[PDB]
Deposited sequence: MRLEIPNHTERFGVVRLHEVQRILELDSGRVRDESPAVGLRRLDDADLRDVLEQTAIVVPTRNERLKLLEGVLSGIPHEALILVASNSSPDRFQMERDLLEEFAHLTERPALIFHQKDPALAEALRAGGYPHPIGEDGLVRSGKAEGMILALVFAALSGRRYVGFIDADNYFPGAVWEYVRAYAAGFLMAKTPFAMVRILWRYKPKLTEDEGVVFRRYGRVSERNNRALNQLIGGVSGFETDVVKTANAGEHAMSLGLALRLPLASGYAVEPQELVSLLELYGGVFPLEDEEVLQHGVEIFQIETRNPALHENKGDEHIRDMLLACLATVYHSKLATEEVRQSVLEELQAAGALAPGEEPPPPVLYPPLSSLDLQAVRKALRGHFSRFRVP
């Protein structure tokens, strides 16, 4: 895989936000004689594979068609560990286990499947002192974020060093394959243990674009509000397909809705933008790199209810508005746009996972790891 090297990079405390890099060549082979281009970077196949041998890939699912979900699995590079974070109806779920069990047997590779609503998982989180996403039913709330939180735990428990997410509504297994290799690309290029790779692709769909352009703006306005100089650097406010080093995810709080992806950025700034005093010495001396990679394959998802467009505009502007770094002018610009689609709701934030006692969780799930695992 060859990519553009980023022209400019946004320094913001110890955070480094790179501008969008295009993938030029999907598969650039096995190096042998290197040859140095300053303008782009060629990533060795072996190198990518080795990265993925340390990567977990999370496929979040709630009542997705089985054909699609198996399509997605077949696209994931062999080296990566598959975690299926499920929240489907019990019937559907048991079908998902069966599907994953067969795929993983046939392709001789380890996978993990678990259901968001497991009492054992709730029980485990309490034992680890992270009882924040547990609802009144006594069990973990519904939401994609909540599943991710659980997958992160599994990821941590499995000793994988990088985590990436991939939506299960993909029509194109080959686009999945590109996302996963792009994650690895980004982690190679990264020169810090703290790193995040966000993918973008460039009557109905035509309106999604004006929203993302406005979401992106809102975030650049935020950054500029601190910096004093205005920027266009962020192009990935929303990024369903994004990955981050495990060390970095345990460190970030995560919001709940369509606020999850944009809040990660807001959290990175608030934490490491060097406005507030920085606690973590390791982040202090390695810094953070955020990568924005633009993909060769068109994104094609299955949609079936698109009221959610207004909703995600709302969620992301809310984030920015409520950030501890938003200056009046930024808060105002965000108010006007919204009321232009008299009140602004605050996002729901779960504390960083670093807080969770892994040992306790581990103890909690002794008897059960058997059934999360598929051979």
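key: Where the deposited sequence has no C-alpha coordinates (positions from 1, in order)   = Missing C-alpha atoms (numbering from 1) occur across the ranges 203-212, 352-357.
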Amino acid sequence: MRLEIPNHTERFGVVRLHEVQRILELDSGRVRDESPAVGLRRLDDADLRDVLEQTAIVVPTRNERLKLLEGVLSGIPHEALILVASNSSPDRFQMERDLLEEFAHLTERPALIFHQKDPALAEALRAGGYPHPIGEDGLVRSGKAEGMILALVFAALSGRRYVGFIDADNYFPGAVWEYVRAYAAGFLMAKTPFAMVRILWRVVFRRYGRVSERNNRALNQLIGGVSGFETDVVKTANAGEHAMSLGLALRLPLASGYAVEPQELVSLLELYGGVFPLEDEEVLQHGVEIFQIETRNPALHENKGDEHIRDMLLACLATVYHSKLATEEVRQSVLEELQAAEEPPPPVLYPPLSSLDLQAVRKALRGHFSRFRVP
From here on, numbers count along this sequence of modelled residues.
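request  = For the higher mean C-alpha B factor in the entry, choose 203-211 or 287-295.
outcome  = If you average the C-alpha B-factors of 203-211 and of 287-295, the larger mean comes out for 203-211.
request  = May I ask you to compare 31-39 and 319-327 by their mean CA B factor in the entry and name the higher one?
outcome  = So the stretch with the higher mean C-alpha B-factor is 31-39.
message = Ranking every modelled residue in this chain by its Cα temperature factor as given in the entry, which third contains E79?
response = Within its chain, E79 is a middle-third residue by C-alpha B-factor, going by the deposited values.
request  = Comparing against every modelled residue in the chain, figure out the third that the C-alpha B-factor of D311 lands in (lowest, middle or highest).
outcome  = Within its chain, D311 is a lowest-third residue by C-alpha B-factor, going by the deposited values.
ask   = If you rank every modelled residue in this chain by C-alpha B factor, which third holds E343: lowest, middle or highest?
value = Highest third.
Third of the chain, ranked by Cα B-factor, where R126 sits = It belongs to the middle third of the chain when residues are ordered by C-alpha B-factor.
ask   = If you rank the chain by CA B-factor, which third does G367 end up in: lowest, middle or highest?
value = Highest third, going by the recorded CA B-factors of the chain.
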